[PDB]
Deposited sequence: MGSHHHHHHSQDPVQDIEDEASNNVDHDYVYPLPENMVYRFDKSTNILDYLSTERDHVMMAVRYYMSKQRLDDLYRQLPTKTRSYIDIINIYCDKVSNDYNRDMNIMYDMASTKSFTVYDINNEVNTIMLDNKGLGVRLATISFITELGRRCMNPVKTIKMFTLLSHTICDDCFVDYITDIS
């Protein structure tokens, strides 16, 4: 509230939201276990990727990291399904590279805000299919 910028308190509430999921010691320990497992798995996955896939990851980092540096998801009842379909529709109409990269950043931010890991990775899996249309694949292979 006021003297404080209202946008500011909301941002801080949002940044401390994980704490509502860490109510007991058991919750903390389970989070630690899952993080260890997930982080080891991701580090290992990258270690098995050949340079073709690594260069595609580099391209995504180049554009998504640039924009991000230059400039309902934490709910219990979260509808990735309609967001997916809305995305699919935007992609059939707009054939630019930009909107595809924008979708990647948008979904990534929903993933940051989502406190359910199974839901998060289902979202990533579905939306990566939707984002990788023939148009996106053609851009990525062209500029790599």
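According to the record, C-alpha coordinates are lacking for deposited residues 1-29, 101-109.
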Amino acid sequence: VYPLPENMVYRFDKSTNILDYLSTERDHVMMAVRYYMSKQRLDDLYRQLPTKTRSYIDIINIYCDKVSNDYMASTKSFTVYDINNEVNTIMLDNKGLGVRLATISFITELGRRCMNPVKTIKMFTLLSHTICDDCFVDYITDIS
From here on, numbers count along this sequence of modelled residues.
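Stretch comparison (122-130 versus 12-20) by mean CA B-factor in the PDB entry places 12-20 on top. The mean C-alpha temperature factor is higher for 113-121 when 113-121 and 25-33 are set side by side.
The PDB entry assigns the greatest CA B-factor among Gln48, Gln40, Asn61, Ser77 to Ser77. By the numbers in the PDB entry, the CA B factor is greatest at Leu92 among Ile104, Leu92, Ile57, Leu97.
Among all modelled residues in its chain, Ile140 ranks in the middle third by Cα B-factor. The deposited CA B-factor of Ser68 belongs to the highest third of values across its chain.
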